[PDB]
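Encoded as C-alpha cells, the structure appears first; notes follow it.
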Amino acid sequence: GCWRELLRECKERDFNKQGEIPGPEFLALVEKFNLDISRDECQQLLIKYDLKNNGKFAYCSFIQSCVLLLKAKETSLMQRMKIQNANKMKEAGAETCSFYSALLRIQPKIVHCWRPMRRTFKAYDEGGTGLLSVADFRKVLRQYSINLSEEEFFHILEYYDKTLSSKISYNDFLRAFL
Amino acid sequence: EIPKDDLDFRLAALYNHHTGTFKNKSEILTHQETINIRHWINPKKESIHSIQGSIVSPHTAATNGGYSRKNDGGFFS
Amino acid sequence: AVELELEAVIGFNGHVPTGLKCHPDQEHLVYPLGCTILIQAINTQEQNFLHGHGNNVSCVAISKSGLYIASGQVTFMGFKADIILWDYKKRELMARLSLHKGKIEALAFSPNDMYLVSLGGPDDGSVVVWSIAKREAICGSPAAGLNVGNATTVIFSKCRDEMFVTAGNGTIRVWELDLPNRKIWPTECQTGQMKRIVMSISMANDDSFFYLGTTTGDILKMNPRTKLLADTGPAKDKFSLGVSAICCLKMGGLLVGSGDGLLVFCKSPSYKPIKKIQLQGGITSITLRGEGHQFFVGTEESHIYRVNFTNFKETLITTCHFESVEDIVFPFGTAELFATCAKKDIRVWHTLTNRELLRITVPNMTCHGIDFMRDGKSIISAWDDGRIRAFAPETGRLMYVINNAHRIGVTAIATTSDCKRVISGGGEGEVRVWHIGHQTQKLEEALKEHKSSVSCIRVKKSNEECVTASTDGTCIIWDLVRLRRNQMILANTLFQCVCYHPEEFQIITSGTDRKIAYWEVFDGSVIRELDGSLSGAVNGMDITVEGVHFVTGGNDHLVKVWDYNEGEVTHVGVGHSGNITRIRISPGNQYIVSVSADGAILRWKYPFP
C-alpha cells in the first residue's frame, strides 16, 4: 500500500544499483512510513532474509513478495480470476534482483493497460496458441509506452525464455501483475 | 509551374502511353505533387618493405666505433 | 605523497586468444591488458585491476564457480612463465605456479575447480596438471606427438579428469588423468585424411561432442567417447580466415567467428549461415554473458561488441589502439578533446566520455609523433617512411605530403605559433625546419648537429628558439631569426624528452639514467639532479602554464606529480606497468593523460602541488 514510498525512499540511499542497504536503515525507516511492526517479525525478516551473508537486506525480494504475485495459491473456489491462458511455460527462471526491479518499474503501467494489451498480444500472430515472438513482444510493449532498455530486456527474457527459443508466453508474463 | 493546360497534361503526368492499357481520364493526369565514427583510409596501400631512404645499420646508434672505420678511420653517419 | 583518483582506462588487448571472458554472476567483464587484468561492470567504474606477472600477459581462464581466475604470462627465453591464481572475493594473488619455459598458451579449469591444466611453450611443449587445493605439481608429459608438430589450446569436459589439447599442427588428443598412479593417459584421435591446423576450440554442455575451428575454414565435429570424427563442416562458402572464436549453446547450435569479422550462428549436421553479421577486425573471443541472450565479442583490433541473440543487433562499446601509442597532443584552449597516434592509426578522442570521434589510417606504418597547429587547421604527423603528412582535423583529408623528409623516418616534430614553420627531426640526426605556404611547402634550411635520432623538440611561446634532444646525449638550442646553434647540453644520459620552464629561464631534461636534471638556458651548466624511479627510466615530461606543477612519466607504472622548486612527489601512478613513453597535461589544469608501450591510455585527475 506504500510500495512507491518504500522504493523511492530506498533507491536514494542505495549506493550503487544492486547494492542493498543495512539493517537499521530498514528497521528505523519502516517507522517513517508507519508500517505495522513487531520485533518477532523484525528478527526473522532481517536475519533470515539476508541472502548474501551481509548486513544489507534485500529490498527487492521482500517487496516482490509484497506486491507482485508470481506464485498463485488459487485463492479457493468461488473466486473470479483474471488471466486464463497460463501454464504454457516450461519451468524457466533465474530471478535476479534486477529482474524484480524491472518488474516493479513496469508494474504501474501494465495494471492500467492490460485489457487492450492482451488483445494486441492476441491479434499479433497467435492463431490460438499462446506464444508470441520476442520481437513482436517488444513491438506490442512499445505501443503502450512500456519501453524496455537492453539490460531490462535481457533480465526479462532470461526468465521467460530459458532455451533461447525466441518464443515468449504472454499470459504467464501478464500473470505476475494481477 | 504550369502556365498552360498543355503543360498540365504533359510533363507532370505520370501516364506512360506505351505501357498504360486502358486508363480513364482521372488517372492519366495524376501528378507527382499528389504523392558513427568516421574513417579515412589512404588509397595507396604501401608496404613497410617499400620504404625509400637510407640503409639502417646492423649495429646500434651509439656503438658504430669498431666497424665504421672510413679507410683511415673517421666516424660515419 | 597522496594518491589521486584514476578516472578511466581505455585500453584493450584483443591480440590474445580467448582473452575476453564473462564471469557467471552476470555483471563483470574480464579482459586482459598489457600487464594487468581489467574488470569492467555495467556502470563505468574500474574495479581494481589485478597487479602481477612482472611482464606481459598471454592467456586467461576462469572457473565455472566464479571464485577463481587464472592468468598466464610471457618471460624471456630459458626462463619461467609463472601462472598466478586469483580470487574474486578479495582480489589478490593466491599462488605462483612456475613450471614452464617461454609463454603460456592456454589454461583451463575443471567444472568444480580443483584441477588446473597448462599447455605452454612453443619451444618446450609440455602439459602439467595442478591443483588449487594444494598448489604443487601432480604429473605431466610432453603433450605433443613426435613427427606431428605443436599444440595450441586446451579445454575441459564435465568429468573432472578428461581434458583435450588442440592440434597446433595435427595432433588432436583427448586425455585422461589417473589420481592414484599420478599419470595422464594420451589418446590420439584417428582422422582419415584431413591434416588440419586448428586454433579455436569448444565443448558442448553434456559432453556429447566437441568442435574444432580449423585454419582452412571448416568446423570439425568430433566425439570424445569413440575418439573419432563425427561430422565435417561446410563444403560450399567456407569461412574465409582461420576460425579463432567458436562457442556453443544449450541447444546444438554454435556461435562460430571467423578471422575477417564473420560472426556466424550456425548448425550441427550441415553448417549454414542461419544469421550472420559483419564486424571490424578478426574475431578472437566469444563468451556467453549469462545463458545466451547477450554475449561479448573480442576482435583483433581492440573492439568489444555486445550483440543480442534475437535478430543480431550489435553495439560497439569500447575502442582502442592495438600497438604502442605515443605523443598525445592537446588542442590549445579547449580541454574536452585530445589526439593520439600509434601503428597504422591516428585517432582523436573525446575526453569526457572516453569515446572516439574519428580515425585516419595509413596502413603498415607507425606514427612516431604528431602535433597540431595554433588554430585547428591540420595535424602534422611524423611517420616512419620518411614522410610528413598533414590531415584535416575531421574527415581526415590529406592536405599535403613532404615526400623525403629524412633518410629514415621522422622521429620528433614541433609547431610554431604563426602557422608558418614546422620543425622536424629524423633518425639520421638532421633537424629540419619547413616552410608551410598556401600552395607550396618548402624547406628553408636543414640544421646539422645531431649524431643520433631526435627524440623531442620544443619551442618557446615566442617563435624564436627551439631545443632539440637526441639519444647521443646532446641538446641544442637553435634560433629562428637566423638558423644557428647557441650552446650545447652534454650529459651521460640518452635524452628522451625536454621541457621549457615558463619564464624561459630553466630547461629540464630526462632520459634512461633516472635523473631529472635542471639546466640553464645559457652557459648550459647543471643546477640540480633529481631521482626518477630507482629501478627503470624516465620518459614523459610536461609542465603546466603556471610553472610550479610538473609531471614525470617513468618506465614503470608510476606517474609522479613533482614540485618544481623542491623535490617533492605526489605519487599517483598505481596504474599500468607498460612503459609510459610520452605524457601530457590538460591546458585548463584538469587532467593528466599518459600513454604506454602497450595499447593503453590512462587518464588521471589533477592535484594542486
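Heads up: the protein sequence lines correspond to chains 3, r and f, in order. Each step along the first sequence adds one to the number in the entry's author numbering, with nothing skipped, and position 47 is 1365. Taking the entry's author numbering, I'd label the letters of the second sequence as residues 66 to 100, 128 to 169. Each step along the third sequence adds one to the number in the entry's author numbering, with nothing skipped, and position 77 is 90. Backbone N, C-alpha and C fix where the C-beta goes; we use that ideal spot for every residue, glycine too.
Collapsed DSSP secondary structure at residue i in the structure displayed
| i | result |
| --- | --- |
| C1360 (chain 3) | helix |
| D126 (chain f) | strand |
| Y284 (chain f) | coil |
| residue 625 (chain f) | Here chain f has residues from 14 to 622 only, and residue 625 (chain f) is not among them. |
| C1378 (chain 3) | helix |
| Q86 (chain f) | strand |
| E1343 (chain 3) | helix |
| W188 (chain f) | strand |
| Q53 (chain f) | strand |
| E457 (chain f) | strand |
| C1415 (chain 3) | helix |
| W1432 (chain 3) | coil |
| residue 1498 (chain 3) | Nothing in the structure corresponds to residue 1498 (chain 3), since chain 3 is present only between 1319 and 1496. |
| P1426 (chain 3) | helix |
| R434 (chain f) | strand |
| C35 (chain f) | strand |
| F1491 (chain 3) | helix |
Proximity test, Cβ basis, 8 Å: residue i and chain f
| i | result |
| --- | --- |
| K1457 (chain 3) | no |
| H82 (chain r) | no |
| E1330 (chain 3) | no |
| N163 (chain r) | no |
| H151 (chain r) | no |
| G145 (chain r) | yes |
| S160 (chain r) | no |
| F1439 (chain 3) | no |
| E92 (chain r) | no |
| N134 (chain r) | yes |
Neighbour flag for residue i against chain 3, beta carbons, 8 Å
| i | result |
| --- | --- |
| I330 (chain f) | no |
| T323 (chain f) | yes |
| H306 (chain f) | yes |
| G303 (chain f) | yes |
| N218 (chain f) | no |
| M264 (chain f) | yes |
| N56 (chain f) | yes |
Any chain r beta carbon closer than 8 Å to residue i
| i | result |
| --- | --- |
| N367 (chain f) | no |
| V423 (chain f) | no |
| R372 (chain f) | yes |
| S337 (chain f) | no |
| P376 (chain f) | yes |
| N417 (chain f) | yes |
| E314 (chain f) | no |
Inter-residue spacing [alpha-carbon to alpha-carbon] between residue i and residue j
| i | j | result |
| --- | --- | --- |
| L159 (chain f) | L110 (chain f) | 27 Å |
| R445 (chain f) | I614 (chain f) | 30 Å |
| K249 (chain f) | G230 (chain f) | 10 Å |
| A14 (chain f) | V587 (chain f) | 12 Å |
| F309 (chain f) | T88 (chain f) | 29 Å |
| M216 (chain f) | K116 (chain f) | 24 Å |
| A94 (chain f) | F1471 (chain 3) | 43 Å |
| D544 (chain f) | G91 (chain f) | 33 Å |
| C512 (chain f) | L267 (chain f) | 56 Å |
| residue 2 (chain f) | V187 (chain f) | With chain f covering 14 to 622 only, the question about residue 2 (chain f) has no answer from this structure. |
| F1375 (chain 3) | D1354 (chain 3) | 18 Å |
| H66 (chain f) | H1430 (chain 3) | 58 Å |
| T228 (chain f) | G272 (chain f) | 10 Å |
| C279 (chain f) | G246 (chain f) | 10 Å |
Closer than 9 Å at the beta carbon, the chain A residues around residue i
| i | result |
| --- | --- |
| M554 (chain f) | Included in the structure are the protein chains 3, r and f, with no chain A among them. |
Residue i Cβ short of 7 Å to the ligand SAM heavy atom set
| i | result |
| --- | --- |
| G409 (chain f) | The ligand SAM is not part of this structure, which contains no ligands at all. |
Supposed contact pair residue j and residue i - C-beta distance, whole angstroms, cut 8 Å
| i | j | result |
| --- | --- | --- |
| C333 (chain f) | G24 (chain f) | 5 Å |
| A352 (chain f) | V342 (chain f) | 5 Å |
| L132 (chain f) | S144 (chain f) | About 17 Å separates the two Cβ atoms, so there is no contact after all. |
| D569 (chain f) | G549 (chain f) | 5 Å |
| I232 (chain f) | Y284 (chain f) | 6 Å |
Below 8 Å, can you find three or more Cβ-Cβ pairs linking the region 1424–1444 of chain 3 to the region 277–295 of chain f?
-> no
Any 3 or more C-beta pairs closer than 8 Å across the region 27–37 of chain f and the region 490–506 of chain f = no
Between the region 1404–1420 of chain 3 and the region 72–92 of chain r, do three or more beta carbon pairs fall short of 8 Å?
-> no
Indicate whether the contact test is met: 3 or more Cβ pairs, each with one atom in the region 139–152 of chain r and one in the region 392–402 of chain f, closer than 8 Å.
-> yes
Do the region 1463–1472 of chain 3 and the region 1481–1489 of chain 3 touch if we need at least three Cβ pairs shorter than 8 Å?
-> no
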